[PDB]
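Working notes for the structure below.
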Protein chains: 2
Amino acid sequence: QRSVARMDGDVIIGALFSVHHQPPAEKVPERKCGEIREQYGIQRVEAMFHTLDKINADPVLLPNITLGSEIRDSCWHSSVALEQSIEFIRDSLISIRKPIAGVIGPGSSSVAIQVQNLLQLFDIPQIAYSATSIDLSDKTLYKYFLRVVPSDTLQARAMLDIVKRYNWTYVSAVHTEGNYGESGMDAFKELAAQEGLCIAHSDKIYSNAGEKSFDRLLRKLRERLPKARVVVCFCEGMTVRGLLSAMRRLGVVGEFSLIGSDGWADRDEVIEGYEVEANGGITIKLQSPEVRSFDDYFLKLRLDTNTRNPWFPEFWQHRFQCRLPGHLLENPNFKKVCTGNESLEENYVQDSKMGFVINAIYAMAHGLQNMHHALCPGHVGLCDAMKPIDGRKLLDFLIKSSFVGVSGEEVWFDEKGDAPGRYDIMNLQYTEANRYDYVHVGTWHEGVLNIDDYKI
Amino acid sequence: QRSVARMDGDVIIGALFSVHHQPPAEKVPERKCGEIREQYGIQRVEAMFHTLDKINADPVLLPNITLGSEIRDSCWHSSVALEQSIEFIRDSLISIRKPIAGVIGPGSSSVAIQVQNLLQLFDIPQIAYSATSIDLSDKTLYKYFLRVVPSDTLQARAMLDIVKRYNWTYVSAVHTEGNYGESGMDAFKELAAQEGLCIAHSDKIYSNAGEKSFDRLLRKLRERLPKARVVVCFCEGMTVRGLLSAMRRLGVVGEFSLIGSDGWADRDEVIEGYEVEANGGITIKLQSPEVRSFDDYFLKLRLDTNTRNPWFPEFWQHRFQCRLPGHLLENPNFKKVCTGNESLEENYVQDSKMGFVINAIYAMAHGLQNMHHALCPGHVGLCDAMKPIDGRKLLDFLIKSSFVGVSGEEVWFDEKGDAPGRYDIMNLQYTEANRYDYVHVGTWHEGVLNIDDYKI
Ligand SMILES: *[C@@H]1O[C@H](CO)[C@@H](O)[C@H](O)[C@H]1NC(C)=O
């Protein structure tokens, strides 16, 4: 009885997008998810629909084979993503006596693991756009998993190389608790122990922990000075902020210099106010420019034209805070009544990772093209060898795929299913105006550390 | 589409039994299974129905909580067992908005792995009765898996202890190639290197290898005499037999003293004709007395009073090679009509592991009782804490369970989910008629070797 986004075709690409936030702590059992999401949700849904459209128009790629998809809501939770993934498979097992060819998603690593653990049973390839856990690289455990996104070892790598470039010997190690935290640090600690660096103080904390928890963290960090000067935070955007708040109450400022992972990146949202305590820090952003195209598509979207996305109505009302002349999903919660002509441009922000989400889809497309070229030579449409499509076949076939990234970037996969790492080094500093801004100071292109030393 | 055995209750225990043989080599894709099975199938089906009945009758075990089950056909194949297992979960996810509480089965280890890999993703405990492979003990990989029978490893300890009891210094090491062979031997070879024993000659061979392969094995074994006097075979049934055939052509006779694993056990099948080449060997059987009760129940089964087993009709006709006039399940292959009241005794042989299959069920029962005693205090029936039942909770619960085996035997589980050792020491010798009979000469109850020395 949960909603599903469908668009028909010859080969159906199935995706898992966090359309709604995850179910509240106590409702997980009955699997009723929370409020709707635009960035990690409605956009990506529309992104897939859109992308898939551009492709059915490209006369070069997948000529007379239409790509269709079935998009399900992951609610950013294993509990549900699995609930849905089952259905991918249930349905598939049936149209064998339309089936899924592969799956784009899910967004979280800790979840993509669950999806992969289930999806791999049934020879369904899985391409991910933001799952950076480094456990996924173990192809003995996650054989049918790949990503259009780099692995996090590559990030502990770039962070270490940053620590290397500046002749540093002792660095504190703080990271967010969980998978994102452990994975990366586990790779830094080790990648570090090799290159020589001696890890000074080492701690771990939950992003949603009390001020008490952080204060205890800040103390410990300070006590290990002056060696524990450089703190390396493989931390979630808020683990950092939390650490800054601990610096506010303790009134210390300028004691620590930081190096943070894409959890922090160049988000204003993290150093809000705390511009000072969190100044001069260096962070890793993810290399990915906003898609020219998508913006033009996701904005001229109307409440009465969009026929394929059953969530729009819900979304739309939540996005403008208003309720309709009755409907089926009339969201009562509101006092105002939608005109239906509101503009999606007020406070519009394209999904950050939005670039990746598309690459992923393409890989799934390209993968199919190649499978076709080899298994149906000369043939224009789909031949008996791809009716139905073979899992393990499409898999190694996706692995051996290369295409022009959504932004003139090159895209391919190594033997483990990972992607090449292109990072951006960010530094927080005082410019000319009254602004504390994130200044781009360097790049990391697979092993190549480029820092404009004079810009820091 | 595929039939399912269903008995309603308050907590539904799900089971996977090989009702049919596995689908022929080339039909696996469409998943159509072969001929019906009585021992590994109809009996166990009936065994579960039966057992569950005695438990709904026991005044003490689950007083006002009826145990029900849903029994599905595994066809002794991953392809299908998974197909069905999905349904356990499909259904289960649904009643959350009747669900499975746990699963008895499957039969094979290589399969139980697939079932466990899927069943674990949804917090469904899994109790197995004949899956003995060692890998399942890794709880980091098969967290929700346990059994009421020991691992293969245990065996080694008992085989070695047998070697220890007789003051032997040099033994030959032969075993089957594959999962079984390597596992056990790997544990012997090591358990042996500790206790002191010096491994003389050491070899490994495939059960389905040519007479050439074995002859080469036999030679090598002999050459290492008189030290390589005691050969320790951690071998499948036929690996042994094959070795006997090698002794026939080379015309040699009992130069060796064999010690074989449950692959050989007390199977007449293995020493067919070669009663002489192999007479005297010592083997390890798995203690499993026949169930008094079951026999009485399975035999008085009428084709018209037994409605809960949908397979009976099919089975019945295949068991007596006759058809049933105008039936919804009338078989055409046969020539003469079924009297309907043929006797199920002609050549009746109770399932060998039939004892285990029941223990398993009980554990699932007992497990539930305890979760009830702990979580529904004051309530006689099921309380909101068990509506629905919690996976991870029932599981570690099951673990901490202990009950009187179906045959006085004690039953519990260690922290990995494995069961206690209960090997029976069989020796082949000449008794009273022209029968070479396996004679029971000793037991191994977790570390305790007991051999009636005078009986050998
Ligand atoms: C529970 O079952 C027993 C007999 O099996 C009966 O005496 C008792 O009344 C039952 N309890 C309830 C609440 O019905």
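Here chain B follows Swiss-Prot for its numbers: 35-131, 154-512, in order, are the residues you see.
Every residue gets a Cβ built from N, Cα and C, even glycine.
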Checking Swiss-Prot, the member of B:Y74, B:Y510 that binds L-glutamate with B:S165, B:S186, B:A187, B:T188, B:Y236, B:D318, B:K409 is B:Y74
Ligand 1: which of the recorded positions B:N98, B:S186, B:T188, B:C289, B:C394, B:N397 have a Cβ closer than 6 angstroms to it?
B:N98
From the recorded positions B:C67, B:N98, B:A187, B:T188, pick the residue whose C-alpha lies nearest to the C-alpha of B:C291 (disulfide bond).
B:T188
How long is the line from the C-alpha of B:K409 (L-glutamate binding site) to the C-alpha of B:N98 (N-linked glycosylation site), rounded to the nearest angstrom?
30
Around the Cβ of B:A187 (L-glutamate binding site), other Cβ atoms within 10 Å, all chains included, total 26
Looking only at B:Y74, B:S165, B:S186, B:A187, B:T188, B:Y236, B:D318, B:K409, the residues listed as binding L-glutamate, what is the longest Cα to Cα distance in Å?
20
Rounded to an integer, what is the Cα-Cα distance in Å between B:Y236 (L-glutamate binding site) and B:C439 (disulfide bond)?
44
From recorded positions B:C67, B:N98, B:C109, B:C439, the one whose Cα lies nearest B:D318 (L-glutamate binding site)
B:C109
If you measure B:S186 (L-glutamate binding site) to B:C439 (disulfide bond) at Cα, how many Å is it?
34
For B:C109 (disulfide bond) and B:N223 (N-linked glycosylation site), determine the Cα separation and express it in whole Å.
46
